[PDB]
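As structure tokens, one chain now follows by itself in the form deposited in one PDB entry.
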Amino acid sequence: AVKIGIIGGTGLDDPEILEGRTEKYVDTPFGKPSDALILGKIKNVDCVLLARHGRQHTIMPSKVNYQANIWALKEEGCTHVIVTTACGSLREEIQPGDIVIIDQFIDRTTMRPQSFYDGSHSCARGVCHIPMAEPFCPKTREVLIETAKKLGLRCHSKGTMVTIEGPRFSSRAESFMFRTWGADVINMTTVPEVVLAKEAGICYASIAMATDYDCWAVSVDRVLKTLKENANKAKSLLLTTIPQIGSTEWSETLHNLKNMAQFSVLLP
């Protein structure tokens, strides 16, 4: 049995995607999640939706409680966590409106807790050095890619996301530099969300939606406009992907993830 946690980004957190909805506020050892958890289903698969920035988008990327969000979904019994996020394109071929099933990231954040094992919580004892060679679940990404193809959507099979601290957008010099580093898209929320999901032994995948070409220009109005015009794509992709995830066996994949997380912890 699988359970899909869904974290919705800016303008990509529609509750109506779930059938048989029930609101549920929870608490965690790391604090309160961005907003209430929305329990429901897509066909016969159980899901838990959560708005990353709150339903009214009042939380900036740097202040999102990534620890509480991931811990809450883990506590609900989620086996997978598929998220949505807007991003700027750093490559001509990645056009606004395109979907990118990212497989790598480059961290440019500075003031964000990236581990549950901070030495101050009894629920997470020891020092954890989680491997990040392959940050996103290959199997989950594969289903997303094939479903996008079945839907006939413009979708890139891989891509490197550079996550900046924000809330400001990048300068032109920074934008050029990121391209030379090998970054393909840019956002403000992938890190540490992907890191914490790995520590939790959860299958994590991200649906990145290009909304602009950054400035190599971007603005909040441009981002919001493109999201409004393309939100249906992420919704259709999730609706079609999830029942497919639920029809396959994940015990082995989840076992390997649990082992990796478990053996990354150094106890006294």
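Each form is matched to the other, and the largest set of C-alpha atoms that superpose within 1.5 Å is called the rigid core. So that there is no doubt, residue numbering starts at 1 and follows the sequence shown. Shifts are known only where both forms have a C-alpha.
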For the neighbouring pair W216 and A217, the stretch of deposited sequence with no coordinates amounts to 4 to 9
Comparing mean C-alpha B factor in the record for 254-262 and 15-23, the higher one is 15-23
Comparing 71-79 with 101-109, the higher average Cα temperature factor in the PDB entry belongs to 71-79
In this crystal structure's PDB entry, the residue among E165, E142, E174, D118 with the greatest CA B factor is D118
From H53, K43, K63, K233, the top C-alpha temperature factor is at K43
Entry-reported C-alpha B-factor of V220 relative to its chain, by third, is highest
Of the three thirds of Cα B-factor ranks in this chain, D212 occupies the lowest
Entry-reported C-alpha B-factor of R91 relative to its chain, by third, is lowest
Of the three thirds of the chain ranked by Cα temperature factor, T58 occupies the highest
Binned into thirds over the chain's modelled residues, the C-alpha B-factor of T147 lands in the middle
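There is another form of this protein, the form deposited in another entry, and it is not shown here; the text below is about that form.
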Relative to the superposed rigid core, does the CA atom of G11 travel 2 Å or more between the shown form and the other one?
yes
Evidently the Cα separation of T84 and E16 changes by 3 Å or more in the other form, so the atoms lie farther
Distance flag for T10 and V48 (Cα, change 3 Å or more) in the other form: the two residues are closer
Once the two forms are fitted on their core, the residues forming runs of at least three in a row with C-alpha displacements of 2 Å or more between the shown form and the other one are 9-20
